[PDB]
Every structure is written in structure tokens, then in C-alpha cells.
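Chains as they are written, first to last, in the working numbering: chain A, 22 to 79; chain B, 22 to 79; chain C, 22 to 79; chain D, 10 to 247; chain E, 30 to 89; chain F, 30 to 89; chain G, 1138 to 1412; chain H, 1138 to 1412; chain I, 1138 to 1412; chain J, 7 to 258.
Heads up, the beta-carbon is just placed ideally off N, CA and C, and yes, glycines get one too.
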Amino acid sequence: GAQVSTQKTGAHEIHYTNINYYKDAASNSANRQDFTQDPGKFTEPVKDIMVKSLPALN
Amino acid sequence: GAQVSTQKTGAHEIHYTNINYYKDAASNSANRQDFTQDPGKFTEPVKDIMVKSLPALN
Amino acid sequence: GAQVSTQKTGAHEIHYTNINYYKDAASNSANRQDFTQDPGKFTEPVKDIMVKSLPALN
Amino acid sequence: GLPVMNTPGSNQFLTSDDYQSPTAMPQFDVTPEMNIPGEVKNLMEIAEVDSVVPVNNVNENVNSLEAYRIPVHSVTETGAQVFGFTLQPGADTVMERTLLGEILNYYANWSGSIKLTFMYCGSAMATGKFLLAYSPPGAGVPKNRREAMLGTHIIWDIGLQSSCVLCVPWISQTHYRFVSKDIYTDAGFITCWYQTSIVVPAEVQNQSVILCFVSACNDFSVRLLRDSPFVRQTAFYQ
Amino acid sequence: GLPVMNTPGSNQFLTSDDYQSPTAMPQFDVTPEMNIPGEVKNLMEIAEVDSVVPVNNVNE
Amino acid sequence: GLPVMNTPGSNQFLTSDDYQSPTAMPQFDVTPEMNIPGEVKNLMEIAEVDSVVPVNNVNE
Amino acid sequence: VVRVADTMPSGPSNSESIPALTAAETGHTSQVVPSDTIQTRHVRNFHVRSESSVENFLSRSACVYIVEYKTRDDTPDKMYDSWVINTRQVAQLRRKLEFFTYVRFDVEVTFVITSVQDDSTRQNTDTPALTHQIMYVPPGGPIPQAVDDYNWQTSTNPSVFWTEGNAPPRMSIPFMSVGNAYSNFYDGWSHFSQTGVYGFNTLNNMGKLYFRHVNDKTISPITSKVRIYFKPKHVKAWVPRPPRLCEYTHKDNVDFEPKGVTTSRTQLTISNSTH
Amino acid sequence: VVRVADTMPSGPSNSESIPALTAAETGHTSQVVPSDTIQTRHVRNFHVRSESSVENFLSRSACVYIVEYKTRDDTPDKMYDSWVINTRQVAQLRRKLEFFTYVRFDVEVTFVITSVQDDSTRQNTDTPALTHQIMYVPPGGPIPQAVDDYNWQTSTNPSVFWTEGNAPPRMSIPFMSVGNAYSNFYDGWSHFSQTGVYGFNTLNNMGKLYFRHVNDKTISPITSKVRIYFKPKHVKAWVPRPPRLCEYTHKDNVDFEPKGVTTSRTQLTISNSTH
Amino acid sequence: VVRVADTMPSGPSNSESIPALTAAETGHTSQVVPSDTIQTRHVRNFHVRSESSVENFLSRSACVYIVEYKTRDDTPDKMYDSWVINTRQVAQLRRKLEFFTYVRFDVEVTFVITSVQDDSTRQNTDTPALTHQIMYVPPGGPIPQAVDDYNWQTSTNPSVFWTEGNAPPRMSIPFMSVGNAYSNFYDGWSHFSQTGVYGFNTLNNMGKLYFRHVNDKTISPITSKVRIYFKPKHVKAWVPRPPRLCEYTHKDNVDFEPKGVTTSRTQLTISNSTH
Amino acid sequence: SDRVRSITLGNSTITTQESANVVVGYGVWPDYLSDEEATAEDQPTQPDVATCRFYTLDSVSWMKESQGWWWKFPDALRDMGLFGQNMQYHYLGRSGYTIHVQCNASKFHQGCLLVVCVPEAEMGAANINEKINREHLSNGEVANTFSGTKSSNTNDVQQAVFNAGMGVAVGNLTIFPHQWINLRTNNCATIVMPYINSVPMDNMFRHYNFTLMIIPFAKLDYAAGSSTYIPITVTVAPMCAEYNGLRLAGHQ
Ligand SMILES: CCCCCCCCCCCCC/C=C/[C@H](O)[C@H](N)CO
Ligand SMILES: CCCCCCCCCCCCC/C=C/[C@H](O)[C@H](N)CO
Ligand SMILES: CCCCCCCCCCCCC/C=C/[C@H](O)[C@H](N)CO
């Protein structure tokens, strides 16, 4: 019941092993490898989006 | 001799590993994942069952 | 090098895991699952056996 | 040997541990298992059974069997209030000691619907009607039959079928209430009113008795374990 | 049992630990998850928003 | 090394233990095994043998 | 993964169907759903009856008795202590077990041992670590009558040794009844002529524990107090019964004083007044 | 593996495209890249927004309160200590949590217990190892009122025991809210007539901890001080908000004194002078 | 998985078959089943002869001897102690082994070491943790004659070191006999002219243990008492024999005083009277 | 309609006309002991006509101020024919039951009985550290009576209706197999009760298997001309009775 995933290494130059030992999901370690984002709801939060080259309020 | 089963997680959003280590069944952990029930012997404990829409003692 | 065998459970309602860790056979655990017997050498220890319904010393 | 590292939480005794521990009697032959009728696999099987509600707990009626009898009779005009309590299965003094109140008093959060069943224990020649209203909070208590008929209610006619069911709907902000009392999760008021009076013929007794029942529906739940507020010992039981 | 050897770093509490620890409330039923608008997955989503600069911070 | 956690029941001596323990004499050549008549594999083989009952145990 | 039942939608109705009219005189609990009386919407309900099962309700460690014994005294009976094994001297674990009439469970036993230096003139000592011995005697075995008695050898009896400062000692115990379930209540006598004792005291018969300090006579008195924690696991339970209203009195009978059924209201109808 | 955006090369331009002219009056943050205004080269950028995520920012253990209690006293209330559970008495963990309005996280709790021998006349003792008990009471449970009270039995309540000298005790705690997220701010009242208390003090309701020494009355006073470390893990966070400028005052309200917006310059234009 | 035999049903019979008539004069135990005499029903019997096997009966740890030695004395022979190895000085393990005449088993040896500060004038010391040494001498080796003798080096002899406060030391020992089984009884002499010693004392010859404190002369006397626990495992057993009625006297012979065969009744026929 | 019910067990028949339904235990109908759950080795005794039939107990009178009644039931049938004789000559007994309770009135009487069948009703004592005599827990076919207040007799059960002699809430006493005798709809209450015990067979004198309880919640009430004497009559029939271990007659 083991899982292999890559480590945090640098660029231009791994595979640790994790096994969960407790019956609850609240005992698991922190999920410190989710690097995704979406700033489309804080920047650009408008209706009728703008095209960055047009005067846009033309 | 390992067994993989799911953890207790919430809804709308696992797989721990267990190995038994002792020769007796009295050393095993508690069976805290049996969620089944049957209240047909406490509620509805009668002969000639009732159909919930008929007067039933009609 | 593991061995799986059944546990001591009751009737009408397992599979532990054992690995030996030492180089000698005198370090192993006790063999507490040999339930066989043969009382044919203590009871019935005779020549020309008896058939339990005949007078037998007839 | 194998290099290992001890984390925090080592060498402690947590009450909710679920580990493995060696037997003091190895290879002990357990007696066989016998099929016994009435197996309980869930306390919610127990909490769904009807059980009588002591509505008449008024000033030394609890030291008798009179606490279960709801007095009802023929009225003068119409439209008076019969009884009333607050929907708190586990904090209200009416349904505190009921079976639903006991099992909910071993828990801290609850959720789901509640059945209230009313059995009329009068005479076969008497008739009557009642208004069994539920009112979610936010306003106060309905003070007459006009303010009570604006909520979840049912008109019950007394005839051959001797008992009615007021099924209290689950109407809540959150998913779970609290079993103990707080201002945030308040649930409402159960009240009962005279629709029409009790008309009885001659040579028949006028004052009769209503019995009340409570249980849980099939969508009911409890979440957080705690100790009951009822257990009070001082010394041991020598 | 199994022969093991303790390394340095045993029995310490580091603030940046990422180990596993047993629950004080086993089989606790968590409330379900509700989709709420405005989820933050990165502080860089916040830091890319325009905000006004106090340029005229001169003597009261 | 490997992070482990000690449970209650550690460092005790139970009389009915069934663990493994290292030999004080490694590679000791045991003498061979000889077939001897009258092997007992169960005390119930012994308890099924007739034996005389002292019924007349009366005052000396 | 077993959910609770969903709420199905309903509309207006006018017919001879009567789900609300029933008769509880048949001992039958009505199966009325809220979609039978009022208009309800469709609710996908994700609640789980998880932490209400008989396994999750009883499998919690509970203190059952406190055992006190010393390390040097004038009288030898205060240097060891014993306890006839029952679950009926603390009202919490007893009242949790008395929901059912018959139960079947494995037991997990944990001892918590604490030592306190008694008040004396010579408190300034340097005492090495105390080691305690907890010997279980199955019903019928020989009984030790001193701390130096030769019955403490544990040639056949189970025992456990704990050195001060470690984790608490823990062992598991299988189902030990001579019948098919631990009878929580026994309505009957001990003798066939219906005399003797009345109650569950006939069917207890579980053995008894013994506690002493493995060390010899020290030069300062130290009071040890060990607490026994039972944890019922692998649980089966049969034929439920109502919980106890009244406060308990003794361990061997069920006797009581009458208590009122509930707390009084002093009125019978609610109002918007001081309620 | 998610990189940041590369810089693309550009050349000279002369047209009616105007990336630099925009209007921030629509609440829109301009998406201007440096390759839209000036001539830039091609840069393969390998930076990762890794240690800026909401998981990596909050998942650090933080001291939330200091709890002090003794082992022998004249008054029994100074032999145990309690704490109503909140994260709003240390300004660092509070100000890190108040970036967001609603949060959802599992908690990892670690206790650090240290003992100091108090000043007395009889400091020359030989004290065995102290054992501490940390009992958590869910909201509504019975409250112990002495160190020898019988509510310390932990038949249902969670507890932890620590012997002196080991690693710190650690346990995990799931998401315990009755709503769908821990409301960091609550703009509202407690009563439906809009009276009572104003703020997040209505929605706290998390229980309270209890601390005592398992050992009995010792012959010398020792002051124990246990520190609680919270670690928020498995984090989700919603609807951000600006950080606090002003210094806090209390735990139950949000009130303040007005503080200046930033530090003064005493001039408005830079120069090559004493700046 | 080996069950006991089921009970088969029977009916009425009238014939020349006689299962109840037999002759025990042939040394033959009758194989009479209860379905041969009376009418029995069909019983599916699930009992297992599990905890009656020779492995489960003997494999229990048993105290065989108590060894006492000190840490400072005037006479050097009381600072170390020795024991010629036999299983015949405690009557419980001896009487369990004397069910059989020849046995073959591996041994599992566990030592339990406890220390008691002796009574003196200078009891107020600060003693570091004692370390004990348990050296096994195979038959013929050199014998130490002091605690500071140079035979304690254990260049070839097996040894074990234990620091105070740990778990008890445990090692396993293989089958060490020069014959094919440990002869529990030896009916014979030592010399070929049938003189010398009579009994099993010729075939003991197992070596002897030695105990001392690794630490040097301390400034306060401390009495150590180590208990040896044998656990016979991997057991084979041959040619059984009746258990002993009489109480033992010595370790080297089998001699006794005559004891009555059983306890008296003072009548020979039962009745419903005071019986 | 389904209000008419007829029951034939042996040479005895009960025909009722205002019945309600039949509660059958915890869903289980009484059956014989199989060979997998059997413990003893010898042949049992199954009479099945001379034993499995209705026995009628004493009728008790229900005034306006009556409080309740109880009967212990392997013991109230001590002197009822061949069931009682087969109880006296054997050592191990095993049976189910069928409890039918008659009480009639008119359409002018009101009231409500609660017929509960309580397994292992271990009762309390009047004085706390005192022993109860056997003549007060059971008396055969003669009923014992609850009291309205705290009774403090010598060697007697604590007789208070709001604790049922057992120390619980009497309103919570409906978890057991029960019916009601409501005098505007009912006339009778049939309860089929299987064998519930921790062992497959047990002795029928040393043990009390269960306890029938009849407690009036709504008190009996009538006008100034209606009939005063209203009896309550209990009739019981063992089901699937079998017996093991024959020896001489007695119980000591
Ligand atoms: C020293 C090692 C063995 C430890 C022995 C301690 C406990 C021995 C008895 C095991 C637990 C039985 C407790 C009683 C169980 C049932 O709850 C009662 N019969 C009442 O229901
Ligand atoms: C003894 C074992 C259990 C230990 C119990 C200690 C802590 C119990 C509460 C768990 C942590 C909740 C802390 C508060 C969470 C949120 O940050 C606040 N509601 C404010 O956001
Ligand atoms: C220090 C490490 C080695 C420990 C040595 C201690 C014990 C050495 C002898 C092993 C056990 C032999 C005991 C005697 C076995 C048989 O029972 C007897 N010959 C009589 O049957």
C-alpha cells in the first residue's frame, strides 16, 4: 500500500516512499506539493473581458 | 500478508495499510467500520405487516 | 521470506504474518498450533485387537 | 539494527487508542457463538423506537404516574392551548429522560427529523379535534390559535384510528444542532390547541387523557461523544 | 524483535515537522464540503492585485 | 531513521510471551533425534487411560 | 459506506391515503417520512451513522477501580492490595454497559501507576526506580498472604512487570465467559430451592488481581496508586433495555431509592413570558 | 511541477496598440508584461511559486497560550489550570489566520511541558518523575473543580499522559466546525433582536483543556508551565482581506485605537542628498 | 484445526451386542461411547483439544531459583553468587516436568533483577545506575573466586550485561544433552561396580551461573536479588508416568515420607444428609 | 377485517373479535434447538400436545386506583399440569411462549393498559441492604401488585410504578415487546415471545426468564351507573417446549 512520488529538487541538475499508518484522514501529513493557482477571480474579475491591446473603455 | 482499505473521509471532496502481528484474534484492533443496521426487529416487530397508507387496523 | 497462517478463532463465526529474524532454529517461537494426537499406544496397547461388540475374551 | 526516529506522541496513553496489544492468555479457546434474538448493531436502532413523553411534569407530578397524562376535557368557548414544550431532545426537561433524550444525552450534536405520536385514551363515544403546530423560531411563542396555524401544523380527528403522527420537519440553518442549550442553534416550539371541543354524550366521563410519544426518523444522526450529565457518584459502591 | 538504531535527531520537536500523529477523536464524521466563491490556493494570487500606494507620507 | 511509536505494553515481561530471542550459543550442533516408543503429543492421551479410584477412603 | 436516507420531493395531495393516522396499540412504530405530510424538496443527504454504532460507543477506556498499596508498613496487609474483578463500582462504565442485557467482547486492560512519597522525618533519600508486579489469579488459584509469600512466582498465572517511567502496561484478554455472553443482569437465585443470593453476583466469577512492589523494605514509605482501565473491543450486544434513572447504591445488587421521573416545569403550557 | 511564466522577446514597435494605457476604474488589474513596453530578451525562468502556497504559509507550529499550575498549594485552584480554546491571544498566529475570512483545516497539537522547583526552605529533596495529565472537555461536559475530583477519570473525554523526559505529546484533530468553515470574522449578533454580543465570540464554542499533576501532594512546590502549539494542516482558505495595521487589544472583540497608515518621510521628492 | 468427536444418534436396541461388558484384565481401556448404552441425539461438537497439548502445558516461564548478592562487604564471597544449574529446587516446575521420563526442549531464559538499599548510617547517597553481569560457565571452565578475579573477562564464555531500568534480559538456549533426551529420572549408579551415587545426579552436568556487580566498591551496601525464569519451548516428551503424591525433600534424590493416598470421607455411602 | 384472530395450540382455542395485531418477539418465531447450538448429549423430551397449550391464570380486578401487576414466567406455571410436572422431573428446560391478556369493557368505559414482556427483570428491594424473600418476587399464578408511593415493607420489592421495581423510567419501558389495551379500540393483546437467554438451555426453577407487566397509564374511569367490576385475565401457552436431564422430583 505504498506510494512513490518525486522530491523537491532544483533546476538544471528523488522518488521518496510514503505509507499511511492510521485509520483516519486527519492523521496524514501536510499536502505541501500543490503548486497550482488561478488569479482570474482577483485579477480580471469582470464581465465582458478586455483584450489588452484595444483601448478597452474605448 | 497486508490488507489495504479506505479511510474515514468526508463527502463532496486514503487507503491505509494494516498488518496483524500477533497469533491470536483477541489482539486485533477494534472493528470501527461496520456501519450497517436493521431496525426491523424493534420498529415493525409484528405479524401481518402494515402498508403505511391503508388504515391498518382498518 | 514471510509466512502467512491462520489465527486461533472460535467456532460459528485472521491470517497473521511471521518472519524469522535469527540464524538459529533455537530462537524461533513456540509451536502452539499442533493439535494432533494418537491414543492408540496408551489405550488399546494390545496384540489381536478387540471389536467392541464381540465378547472379546469370548 | 534498523535506524528509527521517535516522533512526538511516543510513550503516551490516549484513551481513543486503536493499536494492537499482546494477549495475556495465548491460544485461549473461546466458547462458540450462539444466535440470540435481538442483536443491536447500532444505537440508532434503539433511538427509533417510540417511548412515552412525560408532558405533565408539574410540581410533584413527577413522583407518580400522572406525569404522563395530558389532561383534556370539554371547553367553554374554543381555541385554548392544551400543552407545550420546546424542541430540545436532550436539554428540555420534558423529553430529557426519554430514550431519545438519554441516547442524545450521550452525544453533543444531532440532526434529522422527529416523530411525535399522540394516542387518545378516552371513551369510544367521544369525539374531538386538535391542532398540532410546529413553529420555527425567530419570532416568539404563538399566543393564540391564529398565530399557531401559520406554521407547520396538522388537524387531527379522533375516530377509529386512535393515534396521529406529527412528523417535525428538519428545518435548520446548519447541518447539526447542539444537544446542550445555546442561542445560536435554537429549534422551535411544539404546541397543541383545541380545534373543536370534546363533545361527549350523556352518562360518559368528560375528562380524558392524551398520551404522547417521540422517536427519530430514518434520516437521524448523532456525532460527538461525551459523558452524560446524569451520572453523579461520590464514593465507590462497596 | 527487530534490531534498530536511533540516529541523532531522535526525541526532538522541530517546528517544521511533517510526520504522522494519531487522532484524538477516531472516526469523527467531518461535515461536508461546500463550494464557496473566492478560494485562495496561493498568496501570489493575492499579491497580484492592485492596491493604493501612500506616496504623500510627509509629517502627519 | 524510521520514525516509530511505542505503545503501552512496551518493556514488560509477560509470562505468556511468545516472541523471539537471540541464542547464547550460535551454531550449536544439536545431537540427532532418536525414535523412542511412547511419545506424548497431548495430555488427553494420558487422561483417557483407566486408573483405579480410591472409593474406600474412610478414616485411616 | 452506508448513508442515511434521502428526502424525496412531494406535491399537493387529496385522497384517501392517510400516512399520519396509525395505531400505536399494536406496538408498531410508525414509519412516517416528512414527505408524507408536508411538501418537501429533494435533499441529497450525506450523513453517516458512524459514531453511533455499538463498537464506537463502548470502545473507550474507562477507570473501573483505584488500588492503593504502600512499600513499608508495620502491618503486612497494607503492603499489597487486591481487587475482585467487576465492572460495577464506577457508575459511568456500568451505566454504559447496562444498555444491554447480554454482551460479548474482548477486553483491553491498561494500568496507570503513580507513586507519592509519604510524609516522614527522613524524606531526603535517593530511591532507585520502583518496579511493580500485577498478578492475575484465575478463579480457584492460590492466594498470596504477604509480599514475601511464595505464591508470587507466577509459574502458571499471568503477570506483568513495570519499571517506573515507561509507558503504561497493556495486554488484551479474550472472551472468558462459560456461557455465550456476559450476562449483565441475572434474574434468579443461586440455589435450586430459590434461596441464597439474588442477582448477577452468582455469574461474576472472573478472578482477582494482586499488586505489590517487587523491591524490598525501603527506608521511607511510598504510597502507590494504580488505576485499572478497561476497553471493551470486538463487541456484540443483545436485547436492549431502558437506561437507569436512579442513582446506584451497591455493586452486588440493583437496589435503589425511588427518584422522580424528570425535572418539573411548574406550568403546563408555554408562553412568550418568563419561560 | 509548475513554473512561473517566461519572458518572451520583443522588438521595436510603432502602432495603435496601447498595452500601457488602461483604466483601473473597472476594478481590473492590468496584465502588462515587461515585453509590452520595453525591448526584452528571451529568459527561460525556472522559479517555482512553491513556498508561497496557503499550505506552506500556515503549516507552522505556533505557541497559542502559556498554562501555569503547581503541585502543592494552600488553595486548590492553583494546583490545576484551564484554558478556553481560542487562537486569538497571541498576535502572530492570529494575524497569520486573519488574512482570510473562512478557513478549513485539520489541527496538529503539541504540548511542551517544563518543570521548575520553586523557592522554599527544603529544596534538598529526591523527587521522582512527574506525570502530567491533559484532559480535553468537548463543549457541554462536566468540569473538574479540584485535582482530586472524580471528573478526571476520562471515561469518554480524550486525554494524554506524559512522563517527564520523553518527547513532547502530539495528537491530530479533525475539522470540528458545525458549519462548513471556521469563520474568522462574524459580522452579527447572538440574539435575533440584534442584542447580546457582537463579533466572533458566538461561534467560538470549541471546548476547553484541563491540566494537572497525576502525582499527589509533594513535599516541595514545583511550578509546571505547559505551552500549546497549534499546527494547521490540510488547509483550505476563502475570500481574502487586508492585513491588520493596528495593534490588538482583546481576544473577544476586534477593537482598536487609530494608527497612522505608514511611516513618515518628511519630504516628498528623493534626491542624491541625505536620503 | 482438529475437532473432538461428535456424538452420533442411536435408537432402541435388543441384541447380543454387548459394548458395556468388557474385560480390563487385558490392560485395555474400553472405547465405550455414550451412544452405545443410552439413547443420545446428534450433537455437532466444536471443542478443540488446544490448550491441553504438551507444548501449551509446559511453555510457561517459571521461577527456578533466587540468587542474592551484595555490592560491598567485609567478606568477598558475599559480593558474588553462583548456582549449579538444575530445575529441581522449586516444586512447581519440577512437578510439571516429572509427568514424563524423557524430554527434549529448547530453553528460553529470562532474568529479573531488583535492588534494595541495605540499612546503614549513610543512606543519603546519590548512586548511579547499577550494572550486573551474568556469566555462564560450561562444565569444566575456570571458576571466578572474587569479584575482581580475571576470569570474568568472558573471552569464550557467554555473558549478559544489564543496566538498571531496562527490560529484563532474555536469551535462548538450544538442546544441550549429550544423549537424545533430558532424562528426568535415571534408575542407576555412577560406577560400574554399582556404588557411588544413586539417581539422576550423575546426568545433571549442565554448568553453573555467576552473578556480580560490574561497578566497584560503593559507599553504601545494596542487596541485589536476581530471579531465573526458565521457559521450555520446542517440546517433545516420552513415556509418561503418574504424578507425585508426596512432598519433596531434597534436590539430588527422590526420597520421601509416606503420605496417605487421598483425603478421608468418614463414610462410604452418600445420602441427602450433612454431606 | 383483520380484527378477528383465532389461535389453536393443542386442545385449546382463543377467538377474539377486537384484536389489533400480534407482536412476535424480536422478529423470531419459537423453534426447537438445533444440533449446532446444542450442548447436552442426550435425547430431549418433546410432548407437544400435553405441554404446548393455553393455561389460564388468575383474574385480577382493576379499580380506579389500581397501580399494576407482575408475574414471573417460568415460575407462574409451576402447578399447571404436565408443563409443571415436566418442569419438576427434568433439569434443563427450553421453551417459547404466547401471552394473551383479556380485558373487556363497553363503549362507555375509558382506560388504557400497557402489556410489557420484560426479559431479565431483576428487581430491587424495599430496603437497600436487605434480602428479598421468594414469596414476593413470585407467588405462582397469584399476582403481586405495584404501589403508587415509596413502599418500605420488610423483605419486599420496591413497589413504585414510576420505576417499575427496576429503577428505570416507566415511560422508557416500551423498548420491550409490548402492546396496549386501549378500551376504545382493543379487547386483547397477544405477544409471541421466543427463548432469550445467554445459554441454550437453563433450569426452570433457579432462573426467571422474563416478567410480564401490566401497568395502566390512563386510569380506569366510568360514570355513576356503569359496571364497576372489570377483570383482567391472562392466558399463557408454552411453545416448542423441550426438556433434558431426567431425574427425581424436587427442587433443592
Ligand atoms: C495481568 C494480566 C491479566 C490482567 C487481568 C485483568 C482483568 C481480568 C478480567 C478481564 C476483564 C473482565 C471484566 C468483566 C467483564 C464484564 O464486563 C463483566 N462480567 C460484567 O459485564
Ligand atoms: C487532549 C487531546 C485533544 C487536544 C485538544 C486541544 C485542542 C482542541 C481544539 C482543536 C483546535 C481548534 C482551535 C481553533 C480553530 C480555529 O482556528 C478557530 N476556531 C479560529 O479560527
Ligand atoms: C548467560 C547466557 C546463558 C544462560 C545460561 C543459563 C541456563 C543454562 C542451562 C540451560 C537450561 C538447562 C536447564 C535444565 C534442563 C532440564 O530441565 C534438566 N536437565 C532436567 O530436566
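Every unbroken stretch of the beta strand (DSSP E) spanning 3 or more residues and falling wholly within the stretch 1318-1405 of chain G is given here in chain order: 1345-1350, 1359-1377. Two segments are said to touch when three or more pairs of C-beta atoms, one from each, lie closer than 8 Å; by this definition the stretch 161-179 of chain J does not touch the stretch 82-94 of chain J. Where D/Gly110 is concerned, the enclosing alpha helix (DSSP H) starts and stops at 108-114.
Straight-line spacing of the CA atoms in G/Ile1407 and D/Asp191 works out to 19 Å.
Counting along the chain, the unbroken beta strand (DSSP E) around D/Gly93 starts and ends at 90-95.
Here the alpha carbon of H/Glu1245 sits roughly 25 Å from the alpha carbon of G/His1184. When Cβ-Cβ separations below 8 Å define contact, C/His36 makes no contact with chain D. Residue contact with chain D for C/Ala32: present (Cβ-Cβ distance below 8 Å to some residue of chain D). Assignment of alpha helix (DSSP H) within the stretch 1176-1258 of chain I, counting only whole runs of 4 or more residues, yields 1191-1195, 1228-1234 in chain order. Think of a sphere of 9 Å around the beta carbon of J/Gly154: the chain D residues whose beta carbon falls inside it are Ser73, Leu74, in chain order. Within the chosen limit of 7 Å, ligand 2 reaches the beta carbon of H/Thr1224 through at least one heavy atom.
Considering only H/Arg1381, H/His1350, H/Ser1401, the residue with the shortest C-alpha distance to H/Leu1234 is H/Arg1381.
Taking a cut-off of 8 Å on C-beta distances, the stretch 51-70 of chain J does not touch the stretch 32-47 of chain C, as fewer than three cross pairs fall below it. The C-beta of D/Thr161 comes no closer than 8 Å to any C-beta of chain E. Around the C-beta of G/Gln1290, 16 or more other C-beta atoms lie within 10 Å, and the residue is accordingly described as buried. By alpha-carbon distance to H/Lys1354, the top candidate from H/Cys1383, H/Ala1160, H/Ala1228, H/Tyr1217 is H/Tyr1217. Taking the CA atoms as reference points, I/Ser1309 sits about 17 Å from I/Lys1373. The beta carbon of H/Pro1311 sits no closer than 7 Å to any heavy atom of ligand 2.
Between ligand 1 and G/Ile1271, a heavy atom-to-CB distance of less than 7 Å is present. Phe37, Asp38, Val39, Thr40, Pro41, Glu42, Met43: these are the residues of the stretch 37-56 of chain D whose beta carbon lies less than 8 Å from some beta carbon of chain C, given in chain order.
With respect to the C-alpha of H/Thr1268, the residue from H/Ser1361, H/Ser1198, H/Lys1388, H/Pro1171 having the closest C-alpha is H/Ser1361.
In the DSSP annotation of this structure, D/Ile163 is not part of any beta strand (DSSP E), being labelled neither H nor E. Annotation for F/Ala53 indicates a beta carbon within 7 Å of some heavy atom of ligand 3. A Cβ-Cβ distance of about 5 Å is found for the pair D/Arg235 and D/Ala117, placing them in contact under the 8 Å criterion. The residue from H/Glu1192, H/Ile1203, H/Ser1198 with its alpha-carbon nearest to that of H/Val1240 is H/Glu1192. For F/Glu74, the enclosing alpha helix (DSSP H) stretches over residues 72-76. When CB distances to chain G are screened at a threshold of 8 Å, not a single residue of the stretch 1142-1172 of chain H falls below it. Straight across, the Cα-Cα distance linking J/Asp85 with J/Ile220 is about 22 Å.
The straight-line gap separating the alpha-carbon atoms of C/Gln54 and I/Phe1248 is approximately 27 Å. The count of Cβ pairs closer than 8 Å, one atom from the stretch 112-132 of chain D and one from the stretch 147-164 of chain D, stays below three, leaving the stretches out of contact.
For I/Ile1356, the closest alpha carbon among the candidates I/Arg1402, I/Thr1262, I/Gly1397 is that of I/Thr1262. Of all residues in the stretch 34-65 of chain B, those with a C-beta nearer than 8 Å to a C-beta of chain C are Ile40, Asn41, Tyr42, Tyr43, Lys44, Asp45, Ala46, reading in chain order. A direct Cα-to-Cα measurement between G/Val1376 and G/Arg1197 gives close to 22 Å.
The bridge partners DSSP lists for J/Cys123 are J/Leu218.
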